[PDB]
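Presented below is the structure to which this report refers.
None of the figures in this text is laboratory data; all of them are computed from the coordinates on show. All Cβ positions, even for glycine, are placed from backbone atoms using ideal geometry, and neighbour counts span all protein chains on display.
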Number of protein chains: 2
Amino acid sequence: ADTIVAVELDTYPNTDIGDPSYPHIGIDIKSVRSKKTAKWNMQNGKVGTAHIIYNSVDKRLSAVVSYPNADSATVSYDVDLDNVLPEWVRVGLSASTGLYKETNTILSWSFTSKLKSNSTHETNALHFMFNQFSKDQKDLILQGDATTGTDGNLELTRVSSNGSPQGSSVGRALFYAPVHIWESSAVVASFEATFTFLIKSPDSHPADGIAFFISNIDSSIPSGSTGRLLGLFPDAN
Amino acid sequence: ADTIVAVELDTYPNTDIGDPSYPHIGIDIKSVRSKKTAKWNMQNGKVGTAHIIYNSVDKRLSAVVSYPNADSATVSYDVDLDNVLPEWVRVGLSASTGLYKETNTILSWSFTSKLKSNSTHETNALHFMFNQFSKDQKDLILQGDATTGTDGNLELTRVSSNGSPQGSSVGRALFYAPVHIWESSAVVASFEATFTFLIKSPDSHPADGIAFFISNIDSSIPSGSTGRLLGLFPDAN
Ligand SMILES: [Ca+2]
Ligand SMILES: [Ca+2]
Ligand SMILES: [Zn+2]
Ligand SMILES: [Zn+2]
Ligand SMILES: [Zn+2]
Ligand SMILES: [Zn+2]
C-alpha cells in the first residue's frame, strides 16, 4: 500500500484512537497511532519551529518543537528506515482540520539528505530551503486545499479571504524531486528537516495539526483522511 | 519556442556553422553558433572538470575547463538571464555523436542556485551533488540514449557492451525538480555547476561534445539534433 513515516504535531487529543489526553508531538510509523509521543505546550497564534533529524548509524529519528521562550518538546524513536521505507521517496508537509479548525501555515522549510558511500566525503546530497513561497511554486507538488503566495507563506489547509481558518480541510505539500533516502552500499545515510509554522485558532478548540512525512514517490491524500487522520492515513488502525 | 542557454565542450570543429577551426568551449545563447568561444586543448581518455558560474550582479556567465596538469580554458560572456530565460527552468547535461564518435561519460555533477531576496542571508536555495549514479536514478529525467549505473557513471550517448562508443547518438540528463533561476524581487540570484567527464574516442576524430544547459521546464530533444547540434538545437541558425 502507501508507506508513511511522519512526525506529527497533533493539536487535538483523540483519546479514543490512542492520542494522549493533551496536544502532543509523535513519531508515526505506518499508523496514526504514534509509536512514541511527548507532551507539547501548544501556543495559539505563535510562530514555532520543528527540527527532525535521522542518521543511519544511530538508527534513531528525533524531533524538537519549540517557540521563542518556551521549553522544547522532544520525541525520539529507534527505527531503522532501511526496512520500512523504499530506497526512493518524496518528503512533504501535511495538515488537516475536521470538526474543529485552525490555520496550518508554514512560514519556511528546509531539508538536506546525504549518502556517504564507499570512500571519502564524496556523497549524493540534496538540499532545499524555502524562506518564502511563490504564488506559482513549481517545485512543490500541492495536494488538497494547500496553496502558496499568501504573503509568501504556504497554507496547508483552507483559510478565508478575510483571514480565518476553515474546518474539514486537507492539504499536503510534497517536494518535487524524489529523494534517495537510503541505499545498500552507503556508509552513512542522514537527513534533517526544519520548518516554521503558525497554528492559530478562532475558537478555543484548535484541531488537528501539522505533519512532516516521508512517503513513497506516488503517494496521494488517502480517501477520507480529514480531521484526526492528518491527511496521511486511510483509517485509524 | 524552446529556450536554451548552454556551455558547450565542442570536440569537433564545424567551420561551416561558425565553429572555430579547433576543439573549443563556448557559450551558446539560443544558438549552436556560440556567442563567445575559446581554444580548448581537448585530451582523449582523460578525466576533465567544468565549472560554470553566474551571479545577477556581474551579469556574467563563465566556464572553466581543466584536466590535472593542463592549463584551463576559460570563456565568459556578459548576459543578463532575467530576459533570455523564464523564471522557472530545468538544468541538464547533453551530448551527441554523429558521423564521428566518442564516449560522453559524466562521472559526477553538482549544482547550487541561490536567491537572496528582501533582507538578510535568508534565501531560496536548491543544491544537488551526484558523486555516483544509481541504475535507477529516480531524480534524473533521462532523454534519448542516456543511461546510468555503468560503474556509477552517467553515459549521455550510446556505448557498447564491451566498452566502445557508438555514433549517431543523442542523450540528455535533466535534474527532476524545476529550478527557480531568477525573480523580480531578488537582490542576488546566482548559480554554479560542476561536473567531471571522460571523453575518449576509438578513432582519431572525436565528436561531438558535452553541454551543460539551462532550458524551459518542458524541453525535450529537438527533432534531428544529433552530431553537430549537440542534442540542443533544431537547426544550425
Ligand atoms: Ca488528533
Ligand atoms: Ca560543433
Ligand atoms: Zn496523535
Ligand atoms: Zn537496515
Ligand atoms: Zn561550437
Ligand atoms: Zn535583469
Q | In region B:193-217, residue surrounded by the most Cβ atoms within 10 Å (Cβ to Cβ) [restricted to those that are away from ligand 5 (no atom under 16 Å from the Cβ) and closer than 12 Å to B:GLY92 by Cα] | A | B:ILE214
Q | Filtered residue count, region A:101-122, keeping only those that are farther than 20 Å from A:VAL188 by Cα, more than 10 Å from chain B (Cβ to nearest Cβ) and buried (at least 20 other Cβ atoms within 10 Å of the Cβ) | A | 7
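Have a look at A:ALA193, A:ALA125, A:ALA177 and point out the one that is closer than 24 Å to B:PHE191 by Cβ and more than 9 Å from every other protein chain (Cβ to nearest Cβ).
Details: A:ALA125 fails: more than 9 Å from every other protein chain (Cβ to nearest Cβ); A:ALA177 fails: more than 9 Å from every other protein chain (Cβ to nearest Cβ).
After applying the criteria, what remains is A:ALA193.
From the list B:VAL5, B:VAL91, B:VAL75, which residue is of a type outside the set (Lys, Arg) and away from ligand 5 (no atom under 16 Å from the Cβ)?
That would be B:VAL91, the only listed residue that is of a type outside the set (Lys, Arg) and away from ligand 5 (no atom under 16 Å from the Cβ).
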Q.
Tell me the residue from A:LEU93, A:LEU81, A:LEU85 that is surrounded by 15 or more Cβ atoms within 10 Å (Cβ to Cβ), within 29 Å of A:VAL187 (Cα to Cα), touching a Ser or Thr at 6+ places or on another chain (Cβ under 7 Å) and touching a residue at least 40 places away in the same chain (Cβ under 8 Å), please.
A. A:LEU85
Q: Would you please list the contacts, defined by Cβ atoms under 6 Å and residues six or more apart or on different chains, that run from a residue in region A:208-235 that is more than 14 Å from chain B (Cβ to nearest Cβ) to a residue that is within 15 Å of ligand 3 (Cβ to nearest atom) and of a type in the set (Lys, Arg)?
A: A:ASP208/A:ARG228
Q: Select, from B:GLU192, B:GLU183, the only residue that is assigned to a loop (DSSP other than H, G, I, E, B) and either in contact with a strand residue (DSSP E or B) (Cβ under 9 Å, 6 or more places away or on another chain) or of a type in the set (A, V, I, L, M) (or both).
A: B:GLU183
Q) Any residue in region B:221-231 that is part of a strand (DSSP E or B) and within 17 Å of B:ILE29 (Cβ to Cβ)? A) no
(Q) Pull out all pairs, ordered by first then second residue, where Cβ-Cβ is under 9 Å, the residues are six or more apart or on different chains, the first lies in region B:55-74 and is without any contact (Cβ under 8 Å) to a residue 12 or more places away in the chain and part of a loop (DSSP other than H, G, I, E, B), and the second is buried (at least 17 other Cβ atoms within 10 Å of the Cβ) and not small (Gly, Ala, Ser). (A) none
**Q.** Unique match (being more than 9 Å from chain B (Cβ to nearest Cβ) and either surrounded by fewer than 16 Cβ atoms within 10 Å (Cβ to Cβ) or in a strand (DSSP E or B) (or both)) among A:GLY167, A:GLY163
**A.** A:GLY163
Q: Specify the residue that is farthest from B:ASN83 (Cα to Cα); the eligible residues are those in region B:28-55 that are aliphatic (A, V, I, L, M) and more than 10 Å from ligand 5 (Cβ to nearest atom).
A: B:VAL47
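Given A:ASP16, A:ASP78, A:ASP2, which one is away from ligand 1 (no atom under 13 Å from the Cβ) and out of contact with any strand residue (DSSP E or B) (no Cβ under 6 Å at 6 or more places or on another chain)? Don't jump to the end; show me each part of the working.
Values: A:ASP16 fails: away from ligand 1 (no atom under 13 Å from the Cβ); A:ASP78 fails: out of contact with any strand residue (DSSP E or B) (no Cβ under 6 Å at 6 or more places or on another chain).
Unique residue meeting the criteria: A:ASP2.
Of everything in region A:134-151, what is assigned to a loop (DSSP other than H, G, I, E, B) and more than 9 Å from chain B (Cβ to nearest Cβ)? Give them in sequence order. So that I can check it myself, show each step before the final result.
First, pick out the residues of region A:134-151 that are assigned to a loop (DSSP other than H, G, I, E, B): A:134-139, A:145-146, A:151.
Those that are assigned to a loop (DSSP other than H, G, I, E, B) and more than 9 Å from chain B (Cβ to nearest Cβ): A:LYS135, A:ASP145, A:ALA146, A:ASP151.
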Q: Would you check if A:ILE52 is within 14 Å of chain B (Cβ to nearest Cβ) and not polar (S, T, N, Q)?
A: no
**Q.** Flag if B:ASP145 is touching a residue at least 12 places away in the same chain (Cβ under 8 Å) and within 24 Å of A:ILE217 (Cα to Cα)
**A.** no
Q. Of these, B:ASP235, B:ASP218, B:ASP203, B:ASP136, which one is charged (D, E, K, R) and within 29 Å of B:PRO68 (Cα to Cα)?
A. B:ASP203
